[PDB]
Amino acid sequence: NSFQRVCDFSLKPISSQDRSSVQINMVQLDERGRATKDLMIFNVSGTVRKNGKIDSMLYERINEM
Amino acid sequence: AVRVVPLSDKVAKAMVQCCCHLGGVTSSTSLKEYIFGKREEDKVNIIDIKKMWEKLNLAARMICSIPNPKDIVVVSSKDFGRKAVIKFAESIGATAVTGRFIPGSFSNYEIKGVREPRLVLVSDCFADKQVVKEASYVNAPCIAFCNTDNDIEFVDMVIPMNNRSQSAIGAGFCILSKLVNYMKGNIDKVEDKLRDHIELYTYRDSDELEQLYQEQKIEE
Amino acid sequence: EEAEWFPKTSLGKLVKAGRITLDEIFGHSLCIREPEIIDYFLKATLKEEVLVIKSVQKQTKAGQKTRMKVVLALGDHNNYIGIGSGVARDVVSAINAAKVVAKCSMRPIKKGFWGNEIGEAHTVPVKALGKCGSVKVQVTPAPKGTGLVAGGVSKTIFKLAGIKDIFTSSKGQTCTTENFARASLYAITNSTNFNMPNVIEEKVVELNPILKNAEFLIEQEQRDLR
Amino acid sequence: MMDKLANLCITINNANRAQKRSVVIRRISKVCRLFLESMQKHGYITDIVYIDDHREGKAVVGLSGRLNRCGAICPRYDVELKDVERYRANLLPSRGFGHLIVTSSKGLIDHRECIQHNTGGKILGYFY
Amino acid sequence: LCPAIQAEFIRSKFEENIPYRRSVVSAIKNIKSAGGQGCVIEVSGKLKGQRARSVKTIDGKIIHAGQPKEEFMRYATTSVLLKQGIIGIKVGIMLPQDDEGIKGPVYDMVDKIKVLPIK
Amino acid sequence: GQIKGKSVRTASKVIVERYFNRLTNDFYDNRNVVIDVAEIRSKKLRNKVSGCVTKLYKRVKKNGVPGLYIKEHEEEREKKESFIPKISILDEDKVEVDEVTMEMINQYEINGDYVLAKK
Amino acid sequence: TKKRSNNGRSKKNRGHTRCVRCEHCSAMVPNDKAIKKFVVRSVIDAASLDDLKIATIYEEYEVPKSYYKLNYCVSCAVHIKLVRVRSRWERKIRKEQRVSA
RNA sequence: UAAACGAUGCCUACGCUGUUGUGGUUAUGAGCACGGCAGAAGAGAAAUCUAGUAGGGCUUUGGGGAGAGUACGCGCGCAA
Ligand SMILES: [K+]
Ligand SMILES: [K+]
Ligand SMILES: [K+]
Ligand SMILES: [K+]
Ligand SMILES: [K+]
Ligand SMILES: [K+]
Ligand SMILES: [K+]
Ligand SMILES: [Mg+2]
Ligand SMILES: [Mg+2]
Ligand SMILES: [Mg+2]
Ligand SMILES: [Mg+2]
Ligand SMILES: [Zn+2]
């Protein structure tokens, strides 16, 4: 439904109006370092983006994984 | 740890000759995490190699995620860094913009010839400020090469590298091109074609090209 | 007599082909940049009301040059509302202009219960505040069967949004109709996005529909060309 | 000097707005401990450590994504059980969730436990 | 493309007691739909009270200056008598270019430059 | 007060960008080319255009005009850009480098043939 | 409304400063506010140096210079055109002027 | 008594970055006290920011223009 989108980095809902929200998709590495059909997916709000804070935060979470 | 395509000794050497690691004198709270010491003689900050390889790998990964590669838009509005974009985009199937980025050209339907982006790439993003600003209206991520003096709000992936020297610009673009091709299986090893490509991308004056023409013709 | 719509934008291609629904649009926070997109789904149902007409003036060597400024609301009495202003030489032209702005700024409005979850949801979920210029508005949930305790302009807006009971308070220069209209629309909007205790568990994830349908759109690229 | 229970609240409110996950709080008293321990029972904060520095005291805490706001009331008004719902309606956003904390002869308790135990007390603070 | 017809459509609607705005808007649609590349309409008089005014409308392309005005531009003027006084109507239309010379001039304007495409 | 103007200048640039292979230094040649390649009706305008074309041609020839694209020059540029120097700094296996870099090498045990810059 | 962030003067962290007198009209002006101008002028004009070369008794001669610091009040500086009115964004630009001769 | 003005009360908090000063101290990496400057984010009717966040403590003080900081009484002062 219309009310089920939540930001991964700031843990609050994203409103339908936010032009600066974006979704980031990345592939997963294969054995011997090649590519695969499976995707990482992140939903990120505009508030982090206006500040500049997203650069470091994403680097943290790829390490967490 | 992050799963990254392995470093190889000649590649490492290559970047060091290309002077990728020489930052400026200033630094920013966003970029402290990439520096590893300062030159006692010069006050120049030195960039961490292992981190540079990491974010280069991370960029490559997400370039692979978007079908119909034409929808990737590469921009770089400066000579001294021009031809790199023109070749790089062809190596992956992307579209490009070369001169002044006409403001409104993503926003406004009437301005022809530039596609609605799904991913924007920028080099030396002190110029091309408009491009980073405008992509924000159309829900596109942004990837930029950047240096310790400068800082950006909307850039999602900041690849750290020298951006103020023609040696350096060539190195970043040349390597990243190869990774994207490798990740897809278009090539079998990355050390294959170093001095050929890295030179092709490197910027040269008209005055040099005259000399090289005359030399080449004498050799022919 | 009528003109057929050719979609100017990528999302526009999907709606005309019939590959998408209006909840999916709002759910993924996609931009709307063609009014026809809203017409396609809601044309049969939209009501509108003009909140204010006023005359504005610019002084020149020759005299005052003058124009008509109109502000209105579009809404469906169920879920959707949007607010729009336009300026033109003529009151008709101004209405045409205002409607474009309204359609490009429609939003879905959530609802809730004053007490227990018996029957249908009828009020705003949570007490919230909206600010525009010198004007501040606060909305509070209300028991079923109280009706709309609301001032002149804001009352129309709650009705179009499909709210049945509310309590309202207000501060500032409410004579300025544009500020009072925008502030009240922000108040309900802010209430819908409040971080409810359940929200973290209700979370779902999906790939963006424009990336999901890339194959079809690539066929449409070649079909237009050939 | 600032009130210690006021200082606690502003420290966590600002850090939450700035999107930090953890903070150090610099001056701690007996009721500050009990307040934090209340927020842990209802799952608003996750991890607590106390540092025994011989200089007043200090705490390190992990914040959850569920915390929107908290605050202290000054002064600490006395309330009969008849009065508490008035304060509940003034402070909290909804009838469905959130906590108003009251000190009593039975420790810190919330506005629901007041009905169960049949006791008023003194008003202390709130969170949602 | 005949301004003398359209002006009499306008004059009729005044006697039919229909607002000038609606009447003029209709006239402009008819002129444009029939292929005119632009037109000008002015109404003048005791139109909305005791103080007289004139209201002028422009659409598309209209030429005012030089010899190109004598070959592309067509004009008509009329007036309607009402209980309060005479209301005057001016209509001007710019004809389309026409390679067979029926609807307008064969040769396009003297100042237009066109460069041919390459093989 | 003899300024070509925006119509004349636009037309002239389109002509040089597409017919450079047909033009020369001479006004009288250049006028025969524009009489063929363009639809200019006014006698005064075709003289203005042909005069403007000669001036552009001599600029493009005597080291360049920016923001003007000539196809056969793009061909020359590409063939020139398609070259690698004999001289290189990539193939020398030995290197001298800063002291901090030696400590960065030490912290990651990097294999090679690095030496301190003598300075 | 407040036109300048620094109130048009260079005083900060002080109560009071010494006054000086305007070169053109002798008005009192605070030292931290006065418009200042530096001059280094040859005693002998450029149009005479070619005569000096035949007039002097010495093998070589260096002309003596004269040195001045001048102070002006706002009204005089504007009227003599040492300074001019500037737009709302230009007002913020600060650059050192040339030494006069 | 002053346009006694940074027209911004006093203690005490929580708070982003870069740069430049003054005085001590230094594992030479930096700190502590007192400043200037330039952005950001929030805020505000805007201009702008001693103005961000907040039921921390205590004092002064305003309530549409005028008449009026004037009349009568009182206290200080040689008078003003
Ligand atoms: K007249
Ligand atoms: K003073
Ligand atoms: K000054
Ligand atoms: K006073
Ligand atoms: K001080
Ligand atoms: K204020
Ligand atoms: K008195
Ligand atoms: Mg003309
Ligand atoms: Mg003034
Ligand atoms: Mg005091
Ligand atoms: Mg009063
Ligand atoms: Zn003076």
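Side chains included, hydrogens not; waters and symmetry mates left out as well; all remaining heavy atoms used. In what follows, chains are A, B, ... by sequence order, proteins preceding strands, each numbered from 1.
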Can you check the [X] [atom1] to [N] [atom2] distance for me, whole Å?
X        : N     : atom1 : atom2 : answer
G:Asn6   : H:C5  : CG    : P     : 19 Å
D:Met2   : H:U12 : CE    : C1'   : 8 Å
G:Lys12  : H:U22 : NZ    : P     : 18 Å
B:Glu153 : H:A40 : CD    : P     : 9 Å
D:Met1   : H:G57 : CE    : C1'   : 12 Å
B:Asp149 : H:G39 : CG    : P     : 16 Å
B:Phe154 : H:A40 : CZ    : P     : 12 Å
D:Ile25  : H:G15 : CD1   : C1'   : 15 Å

N-O pairing of [X] and [Y] below 4.0 Å:
X        : Y        : answer
C:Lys54  : C:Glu178 : no
B:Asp156 : A:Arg49  : yes
D:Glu37  : D:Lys41  : no

Watson-Crick or G-U wobble partner for [N], using a 3.5 Å limit on both distances?
N     : value
H:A79 : none
H:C10 : H:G57
H:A68 : none
H:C34 : H:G21
H:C16 : H:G39
H:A47 : none
H:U1  : none

Counting just side-chain N and O atoms, does [X] come under 4.0 Å of either OP1 or OP2 of [N]?
X       : N     : answer
D:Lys4  : H:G57 : no
G:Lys11 : H:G6  : yes
A:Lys50 : H:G42 : yes
D:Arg69 : H:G55 : yes
G:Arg4  : H:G6  : no

Result for 5'-nearest mapping on RNA chain H, choosing between G:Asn13 and B:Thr26, is B:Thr26
Of D:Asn13 and B:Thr29, the one whose nearest nucleotide on RNA chain H sits closer to the 5' end is B:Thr29
Nucleotide nearest [X] (side chain, heavy atoms from C-beta), chosen from [options]:
X       : options             : answer
G:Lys2  : H:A7, H:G56, H:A41  : H:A7
D:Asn7  : H:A13, H:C37, H:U53 : H:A13
D:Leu91 : H:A41, H:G55, H:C14 : H:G55
D:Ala6  : H:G56, H:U48, H:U53 : H:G56
G:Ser5  : H:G39, H:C49, H:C14 : H:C49

Identify whether NZ of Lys or CZ of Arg in D:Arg66 sits under 6.0 Å from the centre of the six-membered ring of D:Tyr44 and within 45° of that ring's axis. yes
[atom1] atoms of [N] and [M], separation to the nearest Å:
N     : M     : atom1 : result
H:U61 : H:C72 : P     : 26 Å
H:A41 : H:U53 : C1'   : 13 Å
H:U17 : H:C32 : P     : 14 Å
H:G21 : H:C37 : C1'   : 11 Å
H:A13 : H:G57 : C1'   : 12 Å
H:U22 : H:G63 : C1'   : 48 Å

Considering every strand and a 4.0 Å limit on heavy-atom distances, what is the contact class for [X]: base, sugar-phosphate, or nothing?
X       : result
B:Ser27 : sugar-phosphate
D:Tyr77 : base
B:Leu31 : nothing
B:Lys32 : nothing
D:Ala18 : nothing
G:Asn7  : sugar-phosphate
G:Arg88 : sugar-phosphate

Which class fits the ring pair D:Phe97 and C:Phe194: parallel under 30°, tilted 30 to 60°, perpendicular over 60°? tilted
Regarding C:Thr176 and C:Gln173, do their side chains bring together a donor and an acceptor under 3.5 Å, going by distance alone? no
Tell me yes or no: between the side chains of B:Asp151 and B:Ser28, is some donor less than 3.5 Å from an acceptor? no
Picking from D:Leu91, D:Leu5, D:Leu124, what satisfies side chain to side chain contact (heavy atoms under 4.5 Å, CB included) with D:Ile73? D:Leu91
